[PDB]
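Structure record follows, encoded as structure tokens.
Bear in mind that the values in this text are calculations on the coordinates, not laboratory data. Note that each Cβ is placed from the backbone with ideal geometry, even for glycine, and that neighbours are counted across all protein chains shown.
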Protein chains: 2
Amino acid sequence: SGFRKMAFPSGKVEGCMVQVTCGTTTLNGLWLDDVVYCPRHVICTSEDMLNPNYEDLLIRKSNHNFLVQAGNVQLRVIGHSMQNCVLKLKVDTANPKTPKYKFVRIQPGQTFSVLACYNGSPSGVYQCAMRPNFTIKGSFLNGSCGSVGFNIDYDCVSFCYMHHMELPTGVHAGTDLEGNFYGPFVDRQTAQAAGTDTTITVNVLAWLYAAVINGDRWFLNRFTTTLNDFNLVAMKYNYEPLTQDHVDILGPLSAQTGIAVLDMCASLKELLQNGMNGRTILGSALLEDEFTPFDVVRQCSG
Amino acid sequence: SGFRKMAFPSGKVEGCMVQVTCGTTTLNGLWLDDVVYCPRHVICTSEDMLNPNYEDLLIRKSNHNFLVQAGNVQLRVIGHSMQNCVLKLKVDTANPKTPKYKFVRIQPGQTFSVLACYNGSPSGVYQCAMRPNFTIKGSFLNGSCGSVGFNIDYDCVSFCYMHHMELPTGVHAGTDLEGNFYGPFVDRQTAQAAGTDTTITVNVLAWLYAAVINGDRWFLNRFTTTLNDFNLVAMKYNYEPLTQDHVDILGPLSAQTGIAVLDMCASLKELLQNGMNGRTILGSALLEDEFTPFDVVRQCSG
Ligand SMILES: *CC(=O)N(c1ccc(-n2cccc2)cc1)[C@@H](C(=O)N[C@@H](C)c1ccccc1)c1cccnc1
Ligand SMILES: *CC(=O)N(c1ccc(-n2cccc2)cc1)[C@@H](C(=O)N[C@@H](C)c1ccccc1)c1cccnc1
């Protein structure tokens with residue numbers, strides 16, 4: 001029993017984290033095979049943040065302009081390029097600790113562990129979710145950039161996120177490892193606003209399903225409801241629409257709890273309309289939406 | 001900006017987690033140097049859980065009775081003993097991945113990362129705190145036992161917790177790595193109850209201090225208060241007494257925020273007496289007490 005925001009073990013990613021440098025600018029990179037990956041904003045100066053021309057800037061730099069440091073050691077940059085918003089710095093040496101990996105672009109609502117890195121040294125791990133507005137509510141400080149998000153597929157590390165910037169909202173924007181931003185965010189110092197953050201509906205139900213399995217069942221109502229009925233109420237409180245996929249994805253938890261999906265929805269509808277009256281579910285005084293059904297299955301099954 | 005329940009990177013502990021076996025009973029062990037450590041309850045059968053005599057039982061077993069498995073490999077047990085509630089199984093081979101380590105008995109209110117392990121395979125990481133009743137509100141399933149709690153001291157891993165059992169409360173009891181239980185719990189199948197769980201007061205203030213630093217400052221009142229005044233109100237809602245040590249330990253956050261300790265206390269007093277009115281602090285609808293001042297400094301400083 002018990003339910004916690006749980007991260008993947010970070011061991012196979014610790015061994016891939018390097019320090020990358022330009023002048024007064026050190027950030028984190030990710031050394032996989034004979035390539036090191038970091039945010040291309042490591043080439044910028046404080047003068048050229050308002051509107052930088054990254055192509056032009058990279059022209060000014062050469063292989064030897066970039067100080068890649070592995071713990072106490074240094075790597076020879078035998079070639080650089082730019083893939084969208086990432087520097088791919090080629091190196092003489094292949095990481096001997098390179099785990100099997102993939103690069104996946106994750107979908108909003110999906111979750112991943114973050115290994116928060118300063119000066120190429122892993123500092124800490126936490127679980128995070130792509131919000132529907134394509135921000136993340138991270139915990140990053142100055143120097144955090146190039147810190148990565150990942151899932152672990154049996155023995156295969158999937159990298160889904162690279163940290164690039166904090167918004168004035170105090171939330172976080174980043175790319176996949178092919179260097180495309182999640183959302184409309186750009187890597188320049190201009191006015192950018194995160195759109196309306198909406199609740200992830202399948203995740204909240206996942207979590208109610210976790211709650212039941214943990215014996216917290218008070219919120220369960222004698223009622224049920226319909227998709228359309230439920231999604232009319234949903235929209236009113238900034239919630240994602242529930243779909244038949246969403247329903248199907250909750251089958252294993254439906255199946256384990258004995259509780260139909262649509263009866264859980266009816267419980268949520270009453271919880272949305274009445275709030276929680278100071279009552280808590282799984283130690284929270286509000287509805288949690290940063291666990292998927294998989295996260296719930298993994299933690300509540302094995 | 002941002003504040004999350006953050007774990008230490010688990011890399012140096014992954015390499016110490018082994019599978020330990022007896023008949024129908026497999027749990028986790030911890031291989032440091034030429035010693036493997038696990039809960040001594042791996043020697044028990046379902047018949048001898050109500051009141052087991054561990055000495056007597058161990059008499060029945062020998063070195064070769066215990067199947068220690070490292071991933072795909074097997075270790076030769078060249079000697080066993082019992083230290084309080086842990087098996088120290090001596091092995092031919094020293095762990096080549098043994099990080100510098102210490103064994104510390106942690107104090108109630110202090111926090112540590114847990115590496116949740118099934119069948120000697122690390123499954124996930126989360127941050128946890130010793131509650132004042134000396135339970136932990138973990139996330140463990142069947143097979144979790146021998147999973148360890150640790151802090152990372154620069155490069156030195158400190159092991160503070162080994163998981164032994166779940167209470168009917170659905171909360172968790174375990175030992176230090178010398179095999180003494182945190183609290184009055186015993187490793188037998190008898191009626192055991194976790195006493196009154198009290199809130200960790202320094203931690204809540206730590207967290208309010210994190211909140212301020214993140215710009216969440218609404219709860220700040222025009223008032224202040226006294227220790228005695230504050231601790232009279234504290235006791236009423238099952239809260240730890242605040243001491244001058246507690247005050248001193250919050251100096252760095254006092255110092256960073258510009259806010260006196262005793263003015264933060266006055267804010268807490270009004271928050272305790274009035275609740276939060278549906279207002280949230282750092283994304284929580286209730287007062288969080290599983291971060292220490294150190295955790296707050298580490299995450300909000302670097
Ligand atoms: C790496 C880093 O920690 N941050 C950061 C600094 C500089 C830049 N940059 C873009 C173009 C040239 C240089 C990106 C990121 C800071 C940070 O992002 N601050 C925000 C307000 C910001 C500044 C400048 C441009 C864009 C954004 C940081 C702070 C906290 C968490 N992550 C990053
Ligand atoms: C290792 C394990 O996961 N659990 C466990 C099983 C058996 C024993 N045991 C004590 C004396 C002989 C055998 C200890 C722990 C279960 C578990 O602890 N279940 C509880 C209810 C319990 C059963 C029997 C004795 C004592 C406690 C488990 C389940 C969930 C989380 N941790 C452990």
Requested in this report: Rank by packing, highest mean first: peptides B:59-70, B:81-92, with packing defined as the count of other Cβ atoms within 10 Å averaged across residues.
Outcome: B:81-92, B:59-70
Query raised in the report: Quick one: if you take sqrt(5λ) for each eigenvalue of the C-alpha gyration tensor of the protein assembly as shown, what semi-axes come out, biggest first, whole angstrom?
Result: 37, 33, 26
**Report entry** Principal axis dimensions, largest first and in whole angstrom, of the range A:237-279 by Cα
**Finding:** 30, 23, 12
Query raised in the report: Angle, helix A:227-236 long axis vs. longest principal axis of chain A, Cα atoms, 0 to 90°, nearest 10?
Result: 60
Report task. Give me the angle, in degrees from 0 to 90, between the Cα long axis of helix B:261-274 and the longest principal axis of the Cα atoms of chain B, rounded to the nearest 10. Result -> 90
**Report entry** Calculated over the range A:138-209: convex hull of Cα atoms, volume per residue (Å³)
**Finding:** 134
Report task. Sort A:33-43, B:211-221 for me by packing, meaning the mean count of neighbouring Cβ atoms within 10 Å per residue, highest on top. Result -> A:33-43, B:211-221
**Report entry** Space enclosed by the convex hull of the alpha-carbon atoms of the range A:1-81, per residue, Å³
**Finding:** 152
Report summary line: The rounded separation in angstrom of the Cα centers of the range A:181-228 and the range B:249-272 is 33
Query - For the range A:19-131, alpha-carbon Rg relative to the globular expectation (2.2 N^0.38 Å, N residues) - result: 1.13
**Report entry** Largest-first principal axis extents, alpha carbons of the range B:163-271, Å
**Finding:** 53, 28, 25
Query raised in the report: Relative contact order for the range B:66-169 using alpha-carbon pairs under 8 Å, separation at least 6, rounded to a whole percent?
Result: 22
Requested in this report: Kindly state, as a whole number, the per residue volume in cubic angstrom of the convex hull around the alpha carbon atoms of chain A.
Outcome: 137
Query - Residue-averaged beta-carbon neighbours from other chains (10 angstrom radius) around B:124-134 - result: 4
Query raised in the report: What does the average come to when, for each residue of peptide B:290-301, you count the partner chain Cβ atoms lying within 10 Å of its Cβ?
Result: 1
Query - Spread of Cα-to-Cα distances over 10 Å intervals beginning at zero, given as percent, for the range A:186-238 - result: 17, 35, 25, 13, 9, 0
Query - Value of [θ]222 nm, deg cm²/dmol, for chain A, DSSP H segments ≥ 4, -39500 (n - 2.57) each, nearest 500 - result: -6500 deg cm²/dmol
**Report entry** Burial ranking of peptide ranges A:272-280, B:162-170 (average Cβ count within 10 Å, highest at the top)
**Finding:** B:162-170, A:272-280
Query raised in the report: Just A:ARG131, A:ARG222, A:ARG188 to compare: in a GNM of chain A, with alpha carbon springs under 10 Å, which one fluctuates most?
Result: A:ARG222
Requested in this report: Do me a favour and compute the ellipsoid semi-axes for the range A:107-226 from its Cα gyration tensor, root of five times each eigenvalue, largest one first, whole Å.
Outcome: 31, 19, 13
Query raised in the report: Hey, any idea what Rg/Rh is for the range A:149-190, computing Rh the Kirkwood way over Cα pairs?
Result: 1.07
Query - Charge dipole magnitude, Cβ of K and R +1, D and E -1 - the protein assembly as shown, Cα centre, debye nearest 20 - result: 340
Requested in this report: Using a 10 Å cut-off on Cβ to Cβ distances, tally the other chain neighbours for every residue of A:108-114 and report the average as a whole number.
Outcome: 1
Query - Contact order relative to length of chain B, as percent, for alpha carbon pairs under 8 angstrom and 6 or more apart - result: 17
Report summary line: Dimensionless Rg/Rh of the range B:82-130, both radii on Cα and Rh by Kirkwood, sits at 1.00
Report task. Just rank A:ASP56, A:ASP229, fewest to most, by other beta-carbon atoms within 10 angstrom. Result -> A:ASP56, A:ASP229
Report task. Give the calculated FRET efficiency between B:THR25 and B:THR93 to the nearest 0.05, with a Förster radius of 30 Å applied to their Cβ-Cβ distance. Result -> 0.85
Query - Point-to-point label distance, B:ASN53-B:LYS236, nm (Cα→Cβ direction, 7 Å offset) - result: 5.5
